[PDB]
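*Asks:* I'd like to ask some things about the structure below.
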Amino acid sequence: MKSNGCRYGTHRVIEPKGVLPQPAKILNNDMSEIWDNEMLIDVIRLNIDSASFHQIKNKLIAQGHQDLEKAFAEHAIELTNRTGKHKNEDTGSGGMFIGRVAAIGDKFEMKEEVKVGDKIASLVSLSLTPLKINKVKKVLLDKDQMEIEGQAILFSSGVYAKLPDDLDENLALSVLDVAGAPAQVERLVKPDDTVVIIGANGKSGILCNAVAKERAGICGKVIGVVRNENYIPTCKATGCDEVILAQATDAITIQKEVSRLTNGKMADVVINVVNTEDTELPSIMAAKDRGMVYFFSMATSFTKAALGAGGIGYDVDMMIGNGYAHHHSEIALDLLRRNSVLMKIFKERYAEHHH
Amino acid sequence: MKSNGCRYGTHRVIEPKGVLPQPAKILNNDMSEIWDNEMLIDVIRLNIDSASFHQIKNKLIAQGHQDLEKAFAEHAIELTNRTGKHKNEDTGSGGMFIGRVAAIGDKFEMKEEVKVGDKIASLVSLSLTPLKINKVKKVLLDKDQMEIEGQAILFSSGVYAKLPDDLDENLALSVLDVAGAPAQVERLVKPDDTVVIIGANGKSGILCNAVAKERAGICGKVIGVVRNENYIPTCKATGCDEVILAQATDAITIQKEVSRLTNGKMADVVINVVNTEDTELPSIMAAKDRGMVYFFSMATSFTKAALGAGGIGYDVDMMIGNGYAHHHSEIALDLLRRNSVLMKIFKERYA
Ligand SMILES: NC(=O)c1ccc[n+]([C@@H]2O[C@H](COP(=O)([O-])OP(=O)(O)OC[C@H]3O[C@@H](n4cnc5c(N)ncnc54)[C@H](OP(=O)(O)O)[C@@H]3O)[C@@H](O)[C@H]2O)c1
Ligand SMILES: [Cl-]
Ligand SMILES: [Cl-]
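Chains as they are written, first to last, in the working numbering: chain A, 1 to 355; chain B, 1001 to 1351.
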């Protein structure tokens, strides 16, 4: 194993030469030998980023491909062979994965105690991970996941977690992919706050609904936004006091409905968890003056948010959703254990149980 | 005056019929009749964004033509008369306009007090501004300016300011262009904070250096980051206690040098104002734990920031720098009037 390993894994970077793995366009996908403080994982399953999966899927369809599950599998193997990593070349987003530890480097900065063989989750993005895909066993088009056989590198700077034993690996894969959303909502929402959750039926949305109502309290107000009337009971069961039916791209409808529901006061906090483009301005226009707009979505464009707010004279704080926060995996899992409505939904949507 | 006017400009949106003036491709430029909540202005000069004027030029050179200034005019007439606005259809950008108020709507949400015939600067992009161009008088290459004889609409949600009576027109516009940056930094910097300003030598950077030192005060520490050793005196003159020499795209150098100047404590606040790509992680890696990173540059990539920080286990807050903040014009003009060193550099650079 090579000796002088950058904990950020600059030694894997190929192009351009002076940037770190995530902004890098091409990384080193050679698992023949690892560096001194890397880590090798035999990859079970990829959870591609929802904003990315949705963009690739719509790309393959516009390209006219016949068997999406095959077209997607080819899309993965091709891009990972050419770039070294599954980073979407149009959105910049990645995803995460679960696997079994193959090789711990001599100087790997062991955080959580894991030995060779343990089954862990890479909570850092696929947008920075050197990944080799040998075969794609299965594409799950409606769950953003891919069973594969392959290997990936964890740098000593990366975030990882030994899988909980109380849940199945696929439910754990799903909750951990968005564990940063409820952790951040816990910090943003104060008692008596009005919170608007745009994309409230989604995977991170239903966790944010619940945490938002816990934090805002009996006299706070949680408002979900969805475009399918069938989602309304789930949004209310997971925390929403009110639900607006609107396209997340519809700024004028969302602003009028939030205004009506709040006597013109609008929202202290807006949480954006959709996976499509052009929802920046609708998110901004739901916020009270000097309110907080937290963009968790990887379909967010920095330019549409910045110029969207400025163009209409909105002075609101606009945050870039950080998928990492300290203890987020513990905080997310604790939310599931405390909330059985949420645990039931997650198992039904993302786990593979029997009866 | 047409009633039921939308403060956001939707009533002047033609294509697509579901989004706001900014992302829309087609706008209505009929200045024959304005809405009750609008302001008609007589545009004197069009100040196209550098990257847009450095695209209409580098496209017309290919098809030949003549003069280049004579071809930019033709392009703008066609774009504004068809699209309804001067938003580039490739870079998606547009600068600002100066001119004189011609009509004030009855129910218009007046911000700064102006009258008919006052000379205003628009603080929203041309990318959302209904614009009609009757004739171009001159096209100022390399300065990105366009004298015209046209009119433009500001919506009740627009932002504008009257030109100062006590500062050069070009000096004031140059500072109005970046006024959102020092206004927002004075909210983020607390007393005794370590602040790192990446791009400390630029136009918005020296404004941020000064605000950062004022707010952080005698026992705080302001650290500039520049690529060129000739920039150190300017940074110090405008507030940096220290300057780091490094390429903005070099996270590992910047991180080691900030650890050096701070005994490994790093920055409570990192301010990024370089207009160059791949500077997200270099900005993040200068922050201490649970520190704040402010991205003001349009070169920022949302996913590079979000997935940069999460990818390395950095629990820092990251903010999209708004080009607008309440009273930002007055806040930046007052910063210039209070700070003579800053004022002199500005007049020397942009007047
Ligand atoms: N910051 C990070 O590190 C990080 C990590 C993971 C995820 N993310 C981002 O967070 C977002 C949510 O992730 P997720 O796993 O929760 O995704 P998800 O399960 O697919 O949820 C997306 C939700 O958005 C809704 N939606 C999308 N477009 C809409 C529109 N135009 N109008 C109304 N609703 C719309 C969808 O409802 P429909 O059924 O109506 O489409 C769905 O409920 C994604 O953008 C993802 O990229 C970021
Ligand atoms: Cl612009
Ligand atoms: Cl404090």
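A virtual CB, placed ideally from N, CA and C, is assigned to each residue, including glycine.
Is the CB-CB distance between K1203/B and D1241/B below 9 Å?
*Replies:* no
*Asks:* What does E1015/B pair with, by DSSP beta-bridge criteria?
*Replies:* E1015/B pairs with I1026/B.
*Asks:* Is it a yes or a no for the region 1101-1112 of chain B touching the region 1052-1068 of chain B, going by three-plus beta-carbon pairs under 8 Å?
*Replies:* no
*Asks:* Would a check of beta-carbon distances place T300/A closer than 9 Å to chain B?
*Replies:* It does: the Cβ of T300/A has a partner Cβ on chain B nearer than 9 Å.
*Asks:* Taking the alpha-carbon positions, what's the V159/A to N1029/B distance?
*Replies:* 53 Å
*Asks:* Which residues, in chain order, does the region 1009-1020 of chain B contribute to contact with chain A at a C-beta distance below 9 Å?
*Replies:* Hits within the stretch, in order: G1009, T1010, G1018, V1019 and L1020.
*Asks:* Between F1302/B and the rest of its own chain, which residues show a CB-CB distance below 7 Å, the 5 nearest in sequence each way excluded?
*Replies:* none
*Asks:* In or out: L1068/B buried (at least 16 other Cβ within 10 Å) or exposed?
*Replies:* Under this definition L1068/B is an exposed residue.
*Asks:* Is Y1160/B helix, strand or coil by DSSP?
*Replies:* strand
*Asks:* Below 9 Å between beta carbons is the criterion; list the residues of the region 87-119 of chain A that meet it against any residue of chain B, in chain order.
*Replies:* Within the region 87-119 of chain A, the residues whose Cβ lies closer than 9 Å to some Cβ of chain B are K87, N88, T91, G92, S93, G94 and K111, listed in chain order.
*Asks:* Please give the ranges of any alpha helix (DSSP H) in the region 150-237 of chain A, keeping only runs that are unbroken, at least 4 residues long and fully inside the region.
*Replies:* 169-177, 180-188, 203-216 and 232-237
*Asks:* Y231/A touches chain B at which residues, Cβ-Cβ below 7 Å?
*Replies:* Neighbours of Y231/A on chain B: none; closest Cβ ~21 Å, over 7 Å.
*Asks:* Could you pull the start and end residues of the alpha helix (DSSP H) that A1306/B belongs to?
*Replies:* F1302 to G1311
*Asks:* For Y314/A, does the three-state DSSP call read helix, strand or coil?
*Replies:* coil
*Asks:* Report the residue ranges of all alpha helix (DSSP H) runs contained in full by the region 18-102 of chain A; include only those spanning at least 4 residues, in chain order.
*Replies:* 50-62 and 68-83
*Asks:* Output yes if chain A places a C-beta closer than 9 Å to the C-beta of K1304/B; else output no.
*Replies:* Answer yes: the Cβ-Cβ gap between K1304/B and chain A drops below 9 Å somewhere.
*Asks:* Helix, strand or coil for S1127/B per DSSP?
*Replies:* helix
*Asks:* Ligand 1 heavy atoms versus the CB of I198/A: any closer than 8 Å?
*Replies:* yes
*Asks:* I'd like the ranges of any alpha helix (DSSP H) spanning at least 4 consecutive residues and lying wholly in the region 1245-1299 of chain B.
*Replies:* 1251-1261 and 1280-1284
*Asks:* Excluding the five sequence neighbours on either side, which residues of its own chain have a C-beta within less than 8 Å of the C-beta of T1276/B, listed in chain order?
*Replies:* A1248, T1249, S1297 and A1299
*Asks:* Between which two residues does the alpha helix (DSSP H) holding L1335/B run?
*Replies:* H1328 to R1338
*Asks:* Using the DSSP secondary-structure output, state which residues sit across from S1003/B in a beta bridge.
*Replies:* Answer is none; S1003/B lacks a bridge partner.
*Asks:* Are the C-beta of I1048/B and some C-beta of chain A separated by less than 9 Å?
*Replies:* no
*Asks:* Using 9 Å as the limit for Cβ to Cβ distance, is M1318/B near chain E?
*Replies:* Looking for chain E here will not work: the only protein chains present are A and B.
*Asks:* Would you list, in chain order, the members of the region 1073-1088 of chain B that have their beta-carbon closer than 7 Å to a beta-carbon of chain A?
*Replies:* none
*Asks:* Under 7 Å between beta-carbons, which chain A residues line up against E1186/B? List them in chain order, please.
*Replies:* Residues of chain A passing the Cβ test: none, with the nearest at roughly 13 Å.
*Asks:* Whose C-beta lies closer than 7 Å to the C-beta of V1124/B among residues of the same chain, with five residues either side of it excluded?
*Replies:* The beta carbon of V1124/B lies closer than 7 Å to those of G1158 and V1159 in the same chain, with the five residues before and after it left out.
*Asks:* Using a 10 Å radius around the Cβ and a threshold of 16 neighbouring Cβ atoms, would you call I41/A buried or exposed?
*Replies:* buried
*Asks:* According to DSSP, is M1343/B helix, strand or coil?
*Replies:* helix
*Asks:* Within 10 angstroms of the Cβ of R1215/B, are there 16 or more other Cβ atoms? Answer buried if so, exposed if not.
*Replies:* buried
*Asks:* So, with DSSP's three-state summary, where would you put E1348/B?
*Replies:* helix
*Asks:* Could you say which of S259/A, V178/A and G5/A lies nearest to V196/A if we only look at CA atoms?
*Replies:* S259/A
*Asks:* Within its chain, find whatever has a CB closer than 6 Å to the CB of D1317/B; leave out the 5 residues flanking it on each side and keep chain order.
*Replies:* Taking C-beta separations shorter than 6 Å and ignoring five residues to either side along the sequence, the partners of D1317/B in its chain run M1292, following chain order.
*Asks:* Using a Cβ-Cβ cut-off of less than 7 Å, give me the residues of the region 118-145 of chain A that come near chain B, in sequence order.
*Replies:* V124, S125, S127 and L128
*Asks:* Here's a check: name, in chain order, each residue in its chain whose Cβ is nearer than 6 Å to the Cβ of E1149/B, leaving out the five neighbours to either side.
*Replies:* Within the same chain, and ignoring the five residues on either side of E1149/B in sequence, the residues whose Cβ sits closer than 6 Å to its Cβ are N1134 and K1135.
*Asks:* Got a sec? Which residues, its chain only, sit under 7 Å from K162/A by beta carbon, not counting five neighbours each side?
*Replies:* Hits under 7 Å: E112, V114, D118 and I120.
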